[PDB]
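Reviewing the structure listed below.
Here Cβ is always computed from backbone atoms with ideal geometry, including for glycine, and neighbour counts include all displayed protein chains. Rule-based calculations on the coordinates, nothing more; no lab input.
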Amino acid sequence: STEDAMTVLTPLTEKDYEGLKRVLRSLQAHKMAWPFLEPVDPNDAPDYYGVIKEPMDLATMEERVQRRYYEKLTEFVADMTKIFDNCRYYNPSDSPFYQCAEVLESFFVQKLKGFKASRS
Ligand SMILES: CN(C)CCc1ccc(Nc2cnn(C)c(=O)c2Cl)cc1
């Protein structure tokens, strides 16, 4: 669609980056974001970094947003998706972390759709 191709191809502008920061800030304020605010502490999960190839967290994405690391929205969505995919890969489905990933990913999808709608 218009938004799917924009998402893949349209370079992110400074104006886009205001929208990206708003989305990230709203995730960081969400009640269910607590497991994802900061990198996974190895002492919470001793085998985590031997298993998870590309860790991700909201503080690392905040740094990348500040530095204009992302050229396309697809790259931003991929980093965010890693947070939730890593969590569901490593944890059982009845884990509170896994449940937080399900709730926060649905919230991110709601916010991401709003952001894509306003790029016009
Ligand atoms: C040092 N801490 C006890 C602080 C509390 C805390 C912070 C973040 C997490 N986040 C984790 C942890 N372990 N694993 C396997 C995960 O997947 C995730 Cl998302 C947990 C506790």
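For the range 1-73, state which chymotrypsin sites (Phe, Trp or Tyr not before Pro) are in a DSSP loop and have at most 14 other beta carbons lying within 10 Å of their beta carbon.
Sparse-neighbourhood loop chymotrypsin sites (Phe, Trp or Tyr not before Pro): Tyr69.
Which distance in nm do the two modelled labels at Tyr69 and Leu37 give, with both placed 7 Å along the Cα-to-Cβ direction?
Simple spin-label model gives 2.0 nm for this pair.
What is the order of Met6, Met56, fewest Cβ neighbours within 10 Å to most?
Lowest to highest Cβ neighbour count: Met6, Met56.
Quick one: if you stick a label point 7 Å off each Cα along the C-beta vector at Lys111 and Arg25, how many nm between them?
Output for this residue pair reads 1.0 nm.
Among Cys100, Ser26, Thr81, which residue has its Cα furthest toward the positive end of the charge dipole of the range 2-119, with +1 on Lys/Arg Cβ and -1 on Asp/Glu Cβ?
The residue sitting farthest along the positive end of the dipole is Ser26.
Please compute P(r) over all alpha-carbon pairs of the chain, binned at 5 Å starting from zero, and give each bin as a whole-number percent.
2, 11, 22, 23, 18, 13, 7, 3, 1, 0
Counting other C-beta atoms within 10 Å, which of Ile52, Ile83 has the fewest, and how do the rest follow?
Fewest-to-most Cβ neighbours within 10 Å comes out as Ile52, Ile83.
Give me the one-decimal nm value for the distance between modelled label points at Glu54 and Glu3, 7 Å along each residue's Cα-to-Cβ direction.
The two pseudo-label positions are separated by 2.3 nm.
Just need the Rg to Rh number for the range 1-46, please, alpha carbons only, Kirkwood Rh.
With Rg and the Kirkwood Rh in hand, the quotient comes to 1.17.
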